[PDB]
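Here's the structure, in structure tokens; my notes come after.
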Amino acid sequence: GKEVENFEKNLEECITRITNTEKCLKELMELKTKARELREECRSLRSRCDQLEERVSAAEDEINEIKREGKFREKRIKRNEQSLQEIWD
Amino acid sequence: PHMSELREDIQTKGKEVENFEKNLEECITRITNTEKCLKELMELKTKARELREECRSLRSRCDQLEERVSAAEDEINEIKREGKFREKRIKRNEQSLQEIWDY
Amino acid sequence: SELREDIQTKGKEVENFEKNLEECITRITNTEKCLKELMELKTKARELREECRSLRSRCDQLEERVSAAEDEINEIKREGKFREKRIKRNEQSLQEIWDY
Ligand SMILES: [Cl-]
Ligand SMILES: [Cl-]
């Protein structure tokens, strides 16, 4: 047969092209799970940054308080140095 | 009559061959459209690999920041302790001076 | 007739191919449903790209802030060393006054 041979060839190409397509979808189905994992990886990093930001803000506030206290203690140390300047050589 | 018997088999098998061809064309079209999308979705395999590495990098950056913040917190706590101790000493010196003036 | 027999046999052959073609069309329909489902991943990957872009800028900012905090702590420690020297001198002066 001349035309039957032409159809068998086209059908074989069809089956082959469909089979190759089905293999790719099975491969791409894994990306659904990998995307779920990455979504959770980002969720975790966002909470780690949330915590770091709180800690850094608290540290900044502590540094500002320490600086202010030290300035006012130095005022008192200088006063004490001047008082002793009047008394002991 | 034997012409009509013949015309019928020619038309029957012709209609079957035409329906086949139209259906094969639909098949090829549907397959071609499907192949275009998979080529497009194959890029996501590489993009997911890049994102995995991007997260791996950010986790190590957070690991380092957490160590640095913990060290800074420890230093602040020690500084606060030292300042509390020095405050006790400044107050004692203030009282000693007042005792000299009141003498 | 030999010819009428081959005309019917090649006709039978095409009906068998039509059945196979129908199996194919069903297999392509199932495949098309999956691609529509996987098209959502294109958007999800775009969202994740942006999520990482945001986290990188948050880390950039934290690193600057932590470096600035570290510098401030080092300066405070250095100033405390000098204040300690002064308190100790004042304590020694007072001990000398009260021992006199
Ligand atoms: Cl201090
Ligand atoms: Cl003092």
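Chains: A, B, ... in order of the structure tokens. Residues: from 1 per chain. Ligands: from 1, in order shown.
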
Please give me, as a VMD selection string, the residues lying within 6 Å of ligand 2 when counting only C-alpha atoms and all ligand atoms.
-> (chain A and resid 77 80) or (chain B and resid 90 93) or (chain C and resid 87 90)

Just the selected residues (N, CA, C and O atoms), exported as a JSON list (two decimals), in the first residue's frame, please.
```
[["chain", "number", "residue", "atom", "x", "y", "z"],
["A", 77, "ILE", "N", 31.90, 63.41, 86.60],
["A", 77, "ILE", "CA", 33.35, 63.14, 86.75],
["A", 77, "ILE", "C", 34.15, 64.44, 86.63],
["A", 77, "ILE", "O", 35.04, 64.67, 87.45],
["A", 80, "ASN", "N", 33.72, 66.52, 89.78],
["A", 80, "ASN", "CA", 34.52, 65.90, 90.83],
["A", 80, "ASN", "C", 36.00, 66.25, 90.68],
["A", 80, "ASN", "O", 36.63, 66.61, 91.67],
["B", 90, "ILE", "N", 31.18, 56.93, 91.05],
["B", 90, "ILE", "CA", 30.93, 58.38, 90.92],
["B", 90, "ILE", "C", 30.08, 58.87, 92.12],
["B", 90, "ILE", "O", 30.43, 59.87, 92.75],
["B", 93, "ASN", "N", 32.20, 59.04, 95.24],
["B", 93, "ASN", "CA", 33.09, 60.20, 95.14],
["B", 93, "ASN", "C", 32.36, 61.50, 95.43],
["B", 93, "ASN", "O", 32.90, 62.34, 96.15],
["C", 87, "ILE", "N", 37.84, 58.29, 86.99],
["C", 87, "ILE", "CA", 37.21, 57.89, 88.24],
["C", 87, "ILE", "C", 38.30, 57.37, 89.20],
["C", 87, "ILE", "O", 38.36, 57.81, 90.36],
["C", 90, "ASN", "N", 40.27, 60.20, 90.73],
["C", 90, "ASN", "CA", 39.42, 60.86, 91.73],
["C", 90, "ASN", "C", 39.35, 60.08, 93.01],
["C", 90, "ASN", "O", 39.47, 60.67, 94.08]]
```

For segment 61-75 of chain C, please output as a PyMOL selection string all residues within 12 Å (counting only C-alpha atoms; exclusion window: fewer than 5 positions along the same chain).
-> (chain A and resi 48-64+66-67+70) or (chain B and resi 61-80) or (chain C and resi 54-56+80-82)

If you keep N, CA and C atoms, can you produce a file of those selected residues as a CSV table (one decimal), in the first residue's frame?
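For reference, part-v2.csv as written:
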```csv
chain,number,residue,atom,x,y,z
A,48,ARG,N,13.1,35.6,59.8
A,48,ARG,CA,14.4,35.8,60.3
A,48,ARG,C,14.8,37.2,60.2
A,49,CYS,N,14.4,37.9,59.1
A,49,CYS,CA,14.6,39.3,58.9
A,49,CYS,C,13.8,40.1,59.9
A,50,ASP,N,12.5,39.7,60.1
A,50,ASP,CA,11.6,40.4,61.1
A,50,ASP,C,12.3,40.4,62.5
A,51,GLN,N,12.8,39.3,62.9
A,51,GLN,CA,13.5,39.1,64.2
A,51,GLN,C,14.8,39.9,64.3
A,52,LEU,N,15.6,39.9,63.2
A,52,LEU,CA,16.8,40.7,63.1
A,52,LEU,C,16.5,42.2,63.2
A,53,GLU,N,15.5,42.6,62.5
A,53,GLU,CA,15.1,44.1,62.5
A,53,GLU,C,14.7,44.5,63.9
A,54,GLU,N,13.9,43.7,64.7
A,54,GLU,CA,13.5,44.0,66.1
A,54,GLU,C,14.8,44.1,67.0
A,55,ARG,N,15.7,43.1,66.9
A,55,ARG,CA,16.9,43.0,67.6
A,55,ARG,C,17.9,44.2,67.3
A,56,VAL,N,18.0,44.6,66.1
A,56,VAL,CA,18.9,45.7,65.7
A,56,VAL,C,18.3,47.0,66.2
A,57,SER,N,17.0,47.2,66.1
A,57,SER,CA,16.3,48.4,66.6
A,57,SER,C,16.5,48.6,68.1
A,58,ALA,N,16.4,47.4,68.8
A,58,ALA,CA,16.5,47.4,70.3
A,58,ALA,C,18.0,47.7,70.6
A,59,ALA,N,18.9,47.1,69.9
A,59,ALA,CA,20.4,47.4,70.1
A,59,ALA,C,20.7,48.9,69.8
A,60,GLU,N,20.1,49.5,68.8
A,60,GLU,CA,20.3,50.9,68.4
A,60,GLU,C,19.8,51.8,69.6
A,61,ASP,N,18.6,51.5,70.2
A,61,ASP,CA,18.0,52.2,71.3
A,61,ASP,C,18.9,52.1,72.5
A,62,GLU,N,19.4,50.9,72.8
A,62,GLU,CA,20.4,50.6,73.9
A,62,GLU,C,21.6,51.5,73.8
A,63,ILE,N,22.2,51.5,72.6
A,63,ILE,CA,23.4,52.3,72.3
A,63,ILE,C,23.1,53.8,72.6
A,64,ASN,N,22.0,54.3,72.1
A,64,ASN,CA,21.6,55.7,72.3
A,64,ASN,C,21.4,56.1,73.8
A,66,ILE,N,23.0,54.3,76.4
A,66,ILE,CA,24.3,54.2,76.9
A,66,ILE,C,25.1,55.5,76.7
A,67,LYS,N,25.0,56.1,75.5
A,67,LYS,CA,25.7,57.3,75.1
A,67,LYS,C,25.2,58.5,75.9
A,70,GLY,N,26.4,58.1,79.7
A,70,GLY,CA,27.8,58.3,79.7
A,70,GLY,C,28.2,59.8,79.7
B,61,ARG,N,23.7,34.7,54.8
B,61,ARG,CA,23.7,36.1,55.1
B,61,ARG,C,23.0,36.4,56.5
B,62,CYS,N,21.9,35.7,56.7
B,62,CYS,CA,21.1,35.7,57.9
B,62,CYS,C,21.9,35.1,59.1
B,63,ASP,N,22.6,33.9,58.8
B,63,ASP,CA,23.4,33.2,59.7
B,63,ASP,C,24.5,34.2,60.3
B,64,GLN,N,25.2,34.9,59.4
B,64,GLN,CA,26.2,35.9,59.7
B,64,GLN,C,25.7,37.0,60.5
B,65,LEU,N,24.5,37.6,60.1
B,65,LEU,CA,23.9,38.7,60.8
B,65,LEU,C,23.5,38.3,62.2
B,66,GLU,N,22.9,37.1,62.4
B,66,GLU,CA,22.5,36.6,63.7
B,66,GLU,C,23.8,36.5,64.6
B,67,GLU,N,24.9,36.0,64.1
B,67,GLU,CA,26.2,36.0,64.9
B,67,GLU,C,26.6,37.4,65.3
B,68,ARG,N,26.7,38.3,64.4
B,68,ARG,CA,27.1,39.7,64.6
B,68,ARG,C,26.2,40.4,65.6
B,69,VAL,N,24.8,40.2,65.5
B,69,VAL,CA,23.9,40.9,66.4
B,69,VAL,C,24.0,40.3,67.8
B,70,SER,N,24.2,39.0,67.9
B,70,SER,CA,24.4,38.4,69.2
B,70,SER,C,25.7,38.9,69.9
B,71,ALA,N,26.8,39.1,69.1
B,71,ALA,CA,28.0,39.6,69.6
B,71,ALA,C,27.8,41.1,70.1
B,72,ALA,N,27.1,41.9,69.3
B,72,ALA,CA,26.8,43.3,69.6
B,72,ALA,C,25.9,43.3,70.9
B,73,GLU,N,24.9,42.4,71.0
B,73,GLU,CA,24.0,42.4,72.2
B,73,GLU,C,24.9,42.1,73.4
B,74,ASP,N,25.8,41.1,73.3
B,74,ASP,CA,26.7,40.7,74.4
B,74,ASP,C,27.6,41.9,74.9
B,75,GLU,N,28.1,42.7,73.9
B,75,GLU,CA,28.9,43.8,74.2
B,75,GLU,C,28.2,44.9,74.9
B,76,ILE,N,26.9,45.2,74.4
B,76,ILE,CA,26.0,46.1,75.0
B,76,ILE,C,25.7,45.8,76.5
B,77,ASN,N,25.5,44.5,76.8
B,77,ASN,CA,25.2,44.0,78.1
B,77,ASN,C,26.4,44.2,79.1
B,78,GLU,N,27.6,44.0,78.6
B,78,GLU,CA,28.8,44.2,79.4
B,78,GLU,C,29.0,45.7,79.6
B,79,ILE,N,28.9,46.5,78.6
B,79,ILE,CA,29.0,48.0,78.7
B,79,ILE,C,28.0,48.5,79.8
B,80,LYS,N,26.8,48.0,79.8
B,80,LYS,CA,25.7,48.4,80.8
B,80,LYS,C,26.1,48.1,82.2
C,54,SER,N,13.4,41.4,47.5
C,54,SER,CA,13.0,42.1,48.7
C,54,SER,C,13.9,41.7,49.9
C,55,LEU,N,14.1,40.4,50.1
C,55,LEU,CA,15.0,39.9,51.2
C,55,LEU,C,16.4,40.3,51.1
C,56,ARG,N,16.9,40.4,49.8
C,56,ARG,CA,18.3,40.9,49.6
C,56,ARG,C,18.4,42.4,50.0
C,80,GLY,N,34.8,54.7,77.6
C,80,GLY,CA,34.7,54.1,79.0
C,80,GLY,C,36.0,53.8,79.6
C,81,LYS,N,37.0,53.4,78.8
C,81,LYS,CA,38.4,53.2,79.3
C,81,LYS,C,39.0,54.5,79.9
C,82,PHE,N,38.7,55.6,79.2
C,82,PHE,CA,39.2,56.9,79.6
C,82,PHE,C,38.4,57.5,80.8
```

Please give me, as a ChimeraX atom specification, the residues lying within 10 Å of ligand 1 when counting only C-alpha atoms and all ligand atoms.
-> /A:66-74 /B:79-87 /C:76-84

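Comparing the minimum interatomic distances between chain B and each of C:85, C:32, C:40, C:57, counting only C-alpha atoms, we find that C:32 sits nearest.
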
Atomic separation - atom CA of residue 13 of chain A relative to atom CA of residue 22 of chain C, Å |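 Atom-to-atom, atom CA of residue 22 of chain C to atom CA of residue 13 of chain A, that is 15.0 Å.
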
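With distances restricted to only C-alpha atoms, A:39 is the closest residue to chain C from A:39, A:76, A:16, A:6.
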
Provide the atom CA of residue 46 of chain A to atom CA of residue 52 of chain B distance in Å, to one decimal place.
->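 Interatomic distance, atom CA of residue 46 of chain A to atom CA of residue 52 of chain B: 15.5 Å.
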
Segment 1-4 of chain A surroundings by only C-alpha atoms, 9 Å radius, close-in-sequence under 6 positions cut, as a list in words = residues 10, 13 and 14 of chain C

May I ask for the distance between atom CA of residue 39 of chain B and atom CA of residue 43 of chain C, given in Å to one decimal place?
->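 These atoms are spaced 16.4 Å apart.
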
Would you tabulate, counting only C-alpha atoms, all residues of segment 24-99 of chain C that have an atom at most 12 Å from an atom of segment 23-38 of chain A, showing the closest pair of atoms and their distance in Å to one decimal, sorted by chain then ascending number, as a Markdown table?
```
| residue | atom | partner | partner_atom | distance |
| --- | --- | --- | --- | --- |
| C:28 | CA | A:25 | CA | 11.7 |
| C:30 | CA | A:25 | CA | 10.6 |
| C:31 | CA | A:25 | CA | 7.6 |
| C:32 | CA | A:25 | CA | 9.9 |
| C:33 | CA | A:25 | CA | 10.6 |
| C:34 | CA | A:25 | CA | 7.2 |
| C:35 | CA | A:25 | CA | 7.5 |
| C:36 | CA | A:25 | CA | 11.1 |
| C:37 | CA | A:29 | CA | 9.5 |
| C:38 | CA | A:29 | CA | 7.5 |
| C:39 | CA | A:32 | CA | 10.6 |
| C:40 | CA | A:32 | CA | 9.3 |
| C:41 | CA | A:32 | CA | 6.9 |
| C:42 | CA | A:35 | CA | 10.2 |
| C:43 | CA | A:35 | CA | 10.7 |
| C:44 | CA | A:35 | CA | 7.2 |
| C:45 | CA | A:35 | CA | 7.2 |
| C:46 | CA | A:35 | CA | 10.8 |
| C:47 | CA | A:35 | CA | 10.3 |
| C:48 | CA | A:38 | CA | 7.4 |
| C:49 | CA | A:38 | CA | 10.1 |
| C:51 | CA | A:38 | CA | 10.0 |
| C:52 | CA | A:38 | CA | 10.0 |
```

12 Å contact set for segment 97-99 of chain B, only C-alpha atoms, chain neighbours under 5 positions out, as a list in words =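 Result of the neighbour search: residues 76, 77, 79, 80, 81, 82, 83, 84, 85, 86, 87 and 88 of chain A; 90, 91 and 92 of chain B; 90, 91, 93, 94, 95, 97 and 98 of chain C.
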
Near-residue 27 of chain C list (12 Å; only C-alpha atoms; drop same-chain fewer than 6 positions) as a PyMOL selection string = (chain A and resi 14-22) or (chain B and resi 27+30-31+34) or (chain C and resi 20-21+33-34)
